Structures are given as C-alpha cells and as structure tokens.
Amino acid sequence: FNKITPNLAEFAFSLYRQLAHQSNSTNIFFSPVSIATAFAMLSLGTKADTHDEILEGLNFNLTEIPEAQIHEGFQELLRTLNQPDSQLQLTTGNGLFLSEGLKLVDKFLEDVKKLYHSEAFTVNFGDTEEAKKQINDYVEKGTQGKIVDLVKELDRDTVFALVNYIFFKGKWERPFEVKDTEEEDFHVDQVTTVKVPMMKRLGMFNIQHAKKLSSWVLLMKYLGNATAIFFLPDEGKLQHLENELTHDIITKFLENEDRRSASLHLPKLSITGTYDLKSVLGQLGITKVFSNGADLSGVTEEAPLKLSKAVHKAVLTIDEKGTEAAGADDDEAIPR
C-alpha cells in the first residue's frame, strides 16, 4: 500500500461527495488518481497558501507526511501503475503543453520531469486548431481511442495546458458467459423501472455485509493487479453509504478473504463522466489557484499566471470479458 494511498482514497470520497451533491440523480464516473496526480504536479510550481490549498484540498497533511515524500509517493505510484501484471493493461502519462516563448523556471521543469514523468511539449495557442489537434491526439493515443476531442474549444491566451491520462483494460478473473446475459429490470426510482442488459454468473464470490454502510460489498477480481469493489446500499440508504465511506472501512474489506456461493447479476454498462472541477474543487478548499491572487511564480517568474479551467473526462465500459476505463485531465493556465 503506497504511503499516499489513504489520502488518495480520502480525496476520492471527498470529491465524489461534492459531485453527487452538484448533480443529485445522475451517473457519475471519474479518476481520483488522475485528478490527484495532475494537481499534485501543479502545486510544485505554486507557493504560499495557493500551494497549501492544493495539497490540503487533496486530503494531504504536512504534519503526517513531509512534502518531499508526497511527490516521492506519486513518483513511485506512477511507476508502479505503469508496471502491471502481464495479464492486466494499465498506463498513465503526463504531458505539459507550454506556449512558445514562455520563460519557464528551470526547477519546475526538472521536478515535473523527474517526479511525474511529465513530457514537455511546445505549442502555439494562437493557432487554436493546431493547439487542440495536438492535445486531443496525445490524449487519444494515451487512452487508445477511448477519449477523443478532450478539448473542443481552446482559449487563444492560454499560457500552458497540463494534461494527464489513465488507461485501463482488465479481464475478469472469472468472466461472465455472453449467453447468460438477458434483459432485466433496473430500479431507478419509485416510479422508474428500465430494462438493461444484465450479465450473470453462478459462482464463488467475495461478498461481505458492511453494517457501518448498511450496504453489501462485492469484490470482483481482475486478472492481474486490479480489483473492482461494488457497493449495494440497503433500501433508502444510498446517501448514508456515500456519506459513510472511508479508507479504513475499505481497507478492512480487502482484508477479508471469505468467499460465498451466490448468483451474481451485474449490469453490462457504458457510462461517461465529463466535468468542470473548478467548482467542486473550490468546495474542497482549492480556490486561490483559480483566482486573481493565484501564485504560480514557481512555474514562471515573469508573468503571474492562474488556472482558468479544470477539465476532467472519464469513460467506463463493463461487459462479460472484463472492464475498460479511461481518464484524462485538462488544466489550463492563463494570465491572472
């Protein structure tokens, strides 16, 4: 367990709750790790309370872990993520798109290269189409066609665009047989039932009851170093579940290896999440980096910059064979 894992998990729940409160009755999907990676990278070039709001916003605590080790945590994290088991497919990458003539701070450039395996690119944001073409392509290649046109409109004054992505392609340890997939009712709300292709398999599963969540937890094992956890809340206990999630509670689960006999019904699915995180990140405490008081002098000492837009998009596909997922971050900086 990576030293910085607990925090990443607490960021996930913190962020998830903001998102579920922003839109109450819609599908959600994002990549906590991806978002955390882009912003931890960003902080490197920030200072003062601009820098601290980001680290604290990511659920980090400087009294619990020294800053040097935090980045060092990400460094190993990205390294590990990019070293999956033969049977699993998983990649994550970081590209830093810097405008032409921008006088970067030597340290920042070297820090992002070493600690975040960031690739520096030079692009002219004045040639909007060209600028877009380059970013979306880098994203598309990283997400193997899963995430296209992450950027539809790019502002001409953009000074730099921090772009991050995660690609995932895992296979079920024990997959479903297509022939068992039949259409079933999905209960959306009191008066809304809908037919959806529902996969099913009879077998031994890791199924535990979490009273503290008033939910049942299902553990699906991927071939390799991946696992998916599904939470099925008791009647009327959805909000309670979202509210009660914590890292400790989860960690305790995976600690239980007891399997049981069951007939699992899991919905084949295809959901896409597209967000502007500027608002939800504000609720987390991250505001100054988006404001006229933002301090990005760590990235450049000539002009004062600021982040104007925090774009995140993630795509999830789940079927009989396993799961494919992609996540990508687009954080754009402009003169403050």
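Heads up: residue numbers just count along the shown sequence, starting at 1.
When the two stretches 229 to 237 and 195 to 203 are set side by side, the higher mean Cα temperature factor goes to 195 to 203. Between 38 to 46 and 307 to 315, the higher mean Cα B-factor belongs to 307 to 315. Per the deposited record, 267 carries the highest C-alpha B-factor of all listed residues (57, 267, 32, 66). Of the residues listed, 169, 221, 132, 71, the entry assigns the biggest Cα temperature factor to 132.
Sort the modelled residues of the chain by CA B factor and residue 215 lands in the lowest third.
In the PDB entry, residue 28 places in the lowest third of its chain by CA B-factor. When the modelled residues of the chain are ordered by C-alpha B-factor, residue 295 sits in the middle third.
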